[PDB]
Structure formats: structure tokens, C-alpha cells
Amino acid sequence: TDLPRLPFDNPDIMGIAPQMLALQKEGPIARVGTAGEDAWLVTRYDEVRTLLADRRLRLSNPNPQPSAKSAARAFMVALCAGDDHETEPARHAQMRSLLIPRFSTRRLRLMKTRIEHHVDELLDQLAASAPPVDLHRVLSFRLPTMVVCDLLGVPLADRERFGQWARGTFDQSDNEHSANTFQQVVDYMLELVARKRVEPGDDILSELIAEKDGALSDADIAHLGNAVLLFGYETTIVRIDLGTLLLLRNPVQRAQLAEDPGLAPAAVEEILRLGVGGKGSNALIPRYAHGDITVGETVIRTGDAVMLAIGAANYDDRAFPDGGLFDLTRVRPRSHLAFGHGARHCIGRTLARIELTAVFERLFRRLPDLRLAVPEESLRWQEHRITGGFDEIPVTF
């Protein structure tokens, strides 16, 4: 008997930690230690998907004496309207009601066109530079920040101002830096709201200002803009990096995609399913039980913490034959869990898919000899950030 402790070591730079796969082989649910409270860890696809759809399991903490959290985690939960268990139902319902129509088919069609042209231009710059080049800085970082500038209706140079604010806000290692960064996000968004009130455009805050005949306060609208800014680019950057690394590891699939860019949607779904970095602490969706829930032969009690391992579930052989293999020829693959499921299903997931498809339609056709210029083992996943990620991806081509 040895209680497992999150996070688990991963000897590889990607994939699932061996001890989490070991727990998965034993059963769907295990009690584990963490850096804070003990929690139930759920690692199999069926059970993770069932529990993400169970409304007894919520982001908000119902406990009378809640455990302490990093400033990074507190900001994240607040931005998700989960900081008060008594008001989370109405506040989270309103959050989703106000954000979902900001990603209409009209907006996504226009943005798809601009995204495709932007990747062409980014790759043209990449192709003309002398290697070695940091693919993360010149491609992975630039497309999603471009997209967020578009959603917010601000000049593209603004991304040089806000480009590290998701990383700083979600720095679990430095509470002072987290709060100082979040204050900069807040000041920026409040400036942005005040400008949009006299100079609206075709963008998200303008639409929120017009909403319900202007019934929302500037703080309400800035709060929603902060969620788009801090959730809307950093995780996409990370997926472009992991997708590139994954395709570099599988030359046969890479060659298939270069030959037929019609495989890019299939490649994108495989990248999302398998794209897990380092110790993979960001591939856990945290919850608290607001009522008792049975999972197999285990009772989750009201108040317990639960870690739903979407990364481990996406590797589950029970749901994906040869779950550890990158295969863009899978016939009717199950829907992966990388955008979550149920009440808090990723609001940006169709836009994120459009970005990832535009990149991987083009990347290896435009740069056929692209490859890492450093060993994989030199690539360092940033464990202290909620959103993880690599800081650089040196390439040659």
C-alpha cells in the first residue's frame, strides 16, 4: 500500500505518466494525494465522460472551510464564475448564454478566411528565414494571438502587450506575480470596454455592450472579455506545439498529411486526443461533489474533490484501439474529451479547431523538411503554469 501522489512523473516529454496508466489498468477511480487536498482520480473514458455530464459534480467548492488555493487557481475559478457555490448556477448559466452567441457561424466563416491567409503569411516568413528558428515564437504564438485580437477588435500589435498575461496570471508558483499580471489584464480590458462604448466595431465587447439594451455593467462585460483573453489563445498555442511535435514523431502520418491536406481535420482530432505534455497536470478537469455519486463500487461523498483525467481517458484503449498510437485513418473514432464535455464544454472549440486545421493543412506541405533543431529531451514543459506549455521549439527546415 502506497498512496499515489499527483503529479506523477513522466519520463517522456509527451503522453500519459506511467503510474496514471497503471491506475487506469486497475480500475476507473482511485484515491490519490495531491499538492493540496486528497482527491478521487478518474482515468477511464466511460467514467470521465459520464461524470463530466453529472450535474452533481461542479467546479465550485461547497465546503464550509475551503482548502487554500494558489492565486492562479483562484483567478481561473473566478473567471469561470465558480468562485461562489451559491451563485454559480445563475452566474455560470449567464456566462454561457452571453458567450456562446459570440461565436456565430457568420463570425467563424469570416475568421476562417482570415486565419487561412494569416497562416500563409506566417509560413512565408518562416520559409524565408535562416534556421535555426523558434517555431513557437514565429508560428504557434502568432496565430492564436492574432485571433484574439480579432475577437476583441484591437490592433494586432496589442498581442505584444498581452501575449504573456495568460502565463503570468496562471503562474501557480508566484502569487504576487499572478495578481500583478491579472491587474494588468483588468486595467487593459476596462480601457477596452470604455473605448468600445463610443467606438464599437464587429467584435465581442461591442456585442456585449449592445446586449439586453445595455443591461450589463462594465465590470460584467470586462469579466467576460478577461475570460476570452486569458482562455482564448494560450491553450491553442500549446496545441500547435504538441501537434507539431506529434507529427514530427510519426513520419508516416506526417507524409500522409503532406500528400493529402484533406486529412487535416482527422489529424487535428488525433492531435487534440494525444496532445498531452510533461506531467500533464493541465489534462485534469477539477471538480467537487455537491452530492454523493457512485462510480463503480466507490462512493464519492458530498464535498470530495475529483480529478477527471481527460488526458488519460483520451489514451484509454477501451475507447480508442491502440490508444497510444497516432493514427489519422481511424474509422469513426469516439469523440475525444480534450475540450471537456457537459455543462462547461469548451466555448471556443469550433474556433480552436478552425485554427488547428488551417495550420496543419499547410505546415508540412509548405515546409517539407521541417524538423527539430534540438533533441526532444531538451524541450521543457512548464509545470508551474496551469496551462503548461513549452517556452520554445527550435526547428530547422
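Heads up: residue numbers just count along the shown sequence, starting at 1.
The mean Cα B-factor in the deposited entry runs higher for 298 to 306 than for the other of 298 to 306 and 221 to 229. Of the two segments, 369 to 377 and 385 to 393, the one listed with the higher mean B-factor is 369 to 377 (C-alpha atoms only). In the deposited coordinates, the residue among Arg142, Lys279, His92, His290 with the greatest CA B-factor is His290. Per the deposited record, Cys80 carries the highest C-alpha B-factor of all listed residues (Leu246, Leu98, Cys80, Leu122).
The deposited CA B-factor of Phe75 belongs to the middle third of values across its chain. Ranked by Cα temperature factor within the chain, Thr113 sits in the middle third according to the deposited record. Among all modelled residues in its chain, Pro261 ranks in the middle third by Cα B-factor. Per-chain ranking of the deposited C-alpha B factor places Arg332 in the highest third. Annotation for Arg273: CA B-factor lies in the lowest third of the chain's modelled residues.
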